[PDB]
A.B. asks: 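Submitted below is the structure of interest, expressed as structure tokens.
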Amino acid sequence: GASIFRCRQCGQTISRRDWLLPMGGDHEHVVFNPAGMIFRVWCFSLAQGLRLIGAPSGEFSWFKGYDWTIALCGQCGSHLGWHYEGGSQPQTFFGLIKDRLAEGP
Ligand SMILES: [Zn+2]
């Protein structure tokens, strides 16, 4: 009934409820960036229809031992979150901004 996450702005297919990842205990991580913008971030093992731009950066990574690149919606270019990589258990994952996704069948 509510297993697919789409881009809230354009409906681009991004992930599935089944791909939710409970990093460090819970799949919901409330984090702030250096600009002080708070994000409810949901961790996914897998995502699709994104465009990863920029170089991977360790600077300000919310997750110890992970570099992040910016994840845009491949369709509309809305900032949906980050790809994380360079870590362990697992090596990679996605941090997507809950309020920029729409859940549905
Ligand atoms: Zn979009």
Side-chain angles (χ1 to χ4, degrees), residues 1-25 27-36 39 41-58 60-63 65-88 90-105:
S3 49
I4 299 283
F5 294 92
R6 297 189 162 278
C7 177
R8 141 127 82 145
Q9 303 305 130
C10 74
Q12 173 77 313
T13 309
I14 303 303
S15 202
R16 302 188 68 93
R17 176 151 277 284
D18 282 358
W19 297 343
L20 278 177
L21 181 73
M23 277 279 299
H27 58 257
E28 173 158 304
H29 297 258
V30 183
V31 298
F32 75 94
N33 71 10
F39 303 98
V41 170
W42 285 8
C43 302
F44 296 85
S45 304
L46 236 50
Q48 53 144 101
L50 297 159
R51 193 161 99 83
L52 306 189
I53 66 165
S57 174
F60 300 130
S61 180
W62 296 307
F63 302 101
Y66 290 95
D67 312 306
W68 51 267
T69 64
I70 302 151
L72 301 192
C73 185
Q75 195 151 256
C76 78
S78 153
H79 177 213
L80 292 192
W82 309 268
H83 196 236
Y84 288 96
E85 55 214 300
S88 317
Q91 276 168 306
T92 70
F93 66 93
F94 303 82
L96 303 187
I97 305 166
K98 165 202 164 297
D99 66 25
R100 295 197 194 168
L101 300 182
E103 196 170 350

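Index from 1, following the sequence.
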A.B. asks: Take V41 and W82 through the test side chain to side chain contact (heavy atoms under 4.5 Å, CB included) and record every step on the way to the result.
C.D. replies: CA-CA 10 Å; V41 170; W82 309 268; 3.9 Å; yes
A.B. asks: Minimum heavy-atom separation for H79 and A71, please, with both atom names.
C.D. replies: CD2-O, 3.5 Å
A.B. asks: If you compare all heavy atoms of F32 against all heavy atoms of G36, which two are closest, and at what distance to 0.1 Å?
C.D. replies: CD1-CA, 4.2 Å
A.B. asks: So, the side chain of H29 versus the backbone of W62: is there a donor-acceptor pair under 3.5 Å, distance only?
C.D. replies: no
A.B. asks: Given 3.5 Å as the limit, does a donor-acceptor pair link the side chain of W68 with the main chain of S57, or not?
C.D. replies: yes
A.B. asks: Rounded to the nearest 0.5 Å, what's the gap from CG on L20 to CH2 on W42? Could you check?
C.D. replies: 6.5 Å
A.B. asks: State plainly whether one hydrophobic cluster holds both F39 and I70, where clusters connect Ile, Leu, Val, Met, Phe, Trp and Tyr through side-chain heavy atoms under 4.5 angstrom apart.
C.D. replies: yes
A.B. asks: Only pairs under 3.5 Å count here: list side-chain donor-acceptor contacts from residues 44-56, not counting sequence neighbours, and write none if there are none.
C.D. replies:
unit_1: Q48; atom_1: NE2; unit_2: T13; atom_2: O; d: 3.1

A.B. asks: Would you compute the distance between atom OG1 of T69 and atom OH of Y84 and round it to the nearest 0.5 angstrom?
C.D. replies: 9.5 Å
A.B. asks: Name all residues meeting the side-chain hydrogen bond (donor to acceptor under 3.5 Å, both in side chains) criterion together with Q9; count only those two or more places apart in sequence or in a different chain, and write none if there are none.
C.D. replies: none
A.B. asks: Would you name the heavy atoms of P90 and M23 that are closest together and state the gap between them?
C.D. replies: CD-SD, 4.1 Å
A.B. asks: Tell me, do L80 and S78 make a side-chain contact under 4.5 Å, heavy atoms counted?
C.D. replies: yes
A.B. asks: Please work out whether the ring planes of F63 and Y66 are parallel, tilted or perpendicular, with thresholds of 30° and 60°.
C.D. replies: perpendicular
A.B. asks: Mind checking what makes side chain to side chain contact (heavy atoms under 4.5 Å, CB included) contact with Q75, not counting sequence neighbours?
C.D. replies: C10, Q12, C73
A.B. asks: Residues in salt bridge (charged side-chain N to carboxylate O under 4.0 Å, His left out) with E85, at least two apart?
C.D. replies: none
A.B. asks: Please collect all salt bridge (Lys or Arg N to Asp or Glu O under 4.0 Å) contacts where either partner lies in residues 5-16, sequence neighbours excluded, each pair once.
C.D. replies: none
A.B. asks: One thing to verify: whether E28 and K98 come together as a salt bridge, which I'm taking to mean a side-chain N less than 4.0 angstrom from a carboxylate O.
C.D. replies: no
A.B. asks: Nearest 0.5 angstrom please: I4 CD1 to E103 CD, how far?
C.D. replies: 9.5 Å
